[PDB]
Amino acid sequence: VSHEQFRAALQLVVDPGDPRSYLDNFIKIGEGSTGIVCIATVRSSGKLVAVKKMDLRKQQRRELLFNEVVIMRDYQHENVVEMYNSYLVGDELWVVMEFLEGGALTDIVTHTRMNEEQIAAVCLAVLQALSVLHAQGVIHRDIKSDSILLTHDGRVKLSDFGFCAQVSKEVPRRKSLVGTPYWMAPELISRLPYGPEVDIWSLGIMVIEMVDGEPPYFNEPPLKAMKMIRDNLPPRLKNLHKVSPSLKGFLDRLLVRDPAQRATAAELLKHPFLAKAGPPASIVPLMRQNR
């Protein structure tokens, strides 16, 4: 029953009508956790776009679909994948966004060790985004390599905005258990109220992915890992002899159990490590089509 009320709300928020009117050649590319991703072709230019389709009846928390529209619409940034448009197609929300031919960082990190220049480039790009989101009290909530995407030319964009929440003077922390198990901050698993800091913890995990190829406790089943994260000390890298003090010291600022001592996005922006960041080109060798 509540379906209808929700579908109606959504209709008013999206752009009217159907995009099959201007796009051909819908083909699935992958899944997210919320719905499939297709590629498609603008009929009048032959230009490629991607399209995220999400069924309303298949959501664990339907409401979250409102961020897909609000985020891209209002938080347009150089390091944020550009949403062009959104639409309702029957029972599916369809978001039309730019096509990131470079793929995701997950593919790169499970197949290759990136050097600190390339890593620093990545974290720079993401923190530029998170500074700006957090500046407005917006927590992403699902930072992991999967959520980072690349262009052909090596540029880096954050995406997968479906899990985001907002805080403010009035509601300053959040409480929902949201995110992927291995990247979850310890306070969130512990069920305490939390703010943007959760994102920075997760970025610290993603640095571990970039360095060591997977997150801590990957082999465990999620719910065992969640416990260990919560109960244990911050995970450390596995081979420090190879890592520079700049980066080790950088990471010791992300992976801090107490959130109050953990570094903010703006603090991290001013961090010596990020000044090793290579140009977009320094990344392009990492992409599959190149290897």
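Start at 1 and count along the sequence shown; that's the residue number.
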Entry-level comparison of average CA B-factors, 219 to 227 and 253 to 261, reporting the higher stretch | 219 to 227
As stated in the PDB record, which stretch has the larger average Cα B-factor, 271 to 279 or 10 to 18?
-> 10 to 18
Can you pull the Cα B-factors for 206, 171, 129, 178 from the entry and say which is highest?
-> 171
Can you tell me which of 28, 57, 53, 248 has the highest Cα temperature factor in the record?
-> 57
Could you tell me which third, lowest, middle or highest, the C-alpha B-factor of residue 91 occupies within its chain?
-> highest
Residue 183: which third of its chain by C-alpha temperature factor?
-> middle
By its CA B factor, does residue 107 count among the lowest, middle or highest third of the modelled residues in the chain?
-> middle
Lowest, middle or highest third - CA B-factor, residue 139 = lowest
Lowest, middle or highest third: where is residue 153 by C-alpha B factor in its chain?
-> middle
